[PDB]
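Single chain ahead, written as structure tokens, the form deposited in one PDB entry.
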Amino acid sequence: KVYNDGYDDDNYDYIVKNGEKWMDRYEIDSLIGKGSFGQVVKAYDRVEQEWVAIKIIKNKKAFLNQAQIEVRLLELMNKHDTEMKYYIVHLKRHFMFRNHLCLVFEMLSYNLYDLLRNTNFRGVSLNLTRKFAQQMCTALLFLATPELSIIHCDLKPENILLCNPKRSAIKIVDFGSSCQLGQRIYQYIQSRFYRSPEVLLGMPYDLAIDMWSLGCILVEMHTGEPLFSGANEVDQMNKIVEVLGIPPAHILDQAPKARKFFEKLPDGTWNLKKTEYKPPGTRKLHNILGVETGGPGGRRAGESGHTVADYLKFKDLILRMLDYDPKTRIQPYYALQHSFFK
């Protein structure tokens, strides 16, 4: 009949009313997001005199504990990044309000998916793409700090926000899927389109999965459409194979889930199972990017910084991010020294 003395709905969510003031401090403006965790509101901090994004976690033990896991990782990252130059969203405070854990973040702007929607999924320039790429690579180098060793585990355009709607600076959000490098506990991880081959194949993984995800993201930012839009894992892996070919044999011989996608022939070589798809490696990135045809769909023909030479540098960096082998896949430090950023 009544939940949390009337403050909650039947689904454990705080009922957000515009104009409330929590603790004589946070003036609640409006709802700016929601999900299974709970809600996100726009609120004015009266003490600090600034807008904030406040994440109100559901009044439910399971979501409360997952939120505290993220708080620990956010506070751990704040100790290593005062001055805030490695592009991770700043958690500035948390408190309990009417049996809800409230996490106070800095107010950011639109996410990179919204931005893509605003271009009607036709992409943004190689110049803006490069700026995002550098910041994201720098951010991955900071996660790679030995004392952190944090896998985000869910990089995608909706989890990268602009700081200011009129600047190109970005921050990474949502460390709810994130963990520190350790023994393998989880196997169904990452959002399908940005899922890495080692995770699809059921194999050991590390911080390299985030670099795979970044490769996929950057091509999407420039094209507008996801690179590998699988409706299921078998479709996902087939779309990777269209572009990058059959994975190397030394990987597939290890893979527990290889037979979900492939068949080991009597001579010990691998090919696809029948489920449609272009032959292996015949949908070349070179043509998806439009290297010699004026970029994706010809729309960058004659734009500054979209020459063939510029496109081959972008292509080369991306193919290093989409290495099937996570041991030889490009790492943050050397991605930053790639010719694409000079």
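In case it trips you up, residue 1 is the first one in the sequence shown, and so on.
One more form of this protein should be noted, the form deposited in another entry, which is absent from this view; the next part is about it.
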Chain position at the hinge linking the two rigid parts, options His152, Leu214, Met237, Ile88, forms compared between the shown form and the other one: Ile88
Against the shown form, C-alpha atoms of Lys85 and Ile150 in the other form: closer or farther, for a change of 3 Å or more? closer
Relative to the shown structure, Cα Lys85 and Cα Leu74 in the other form (3 Å or more change) are closer
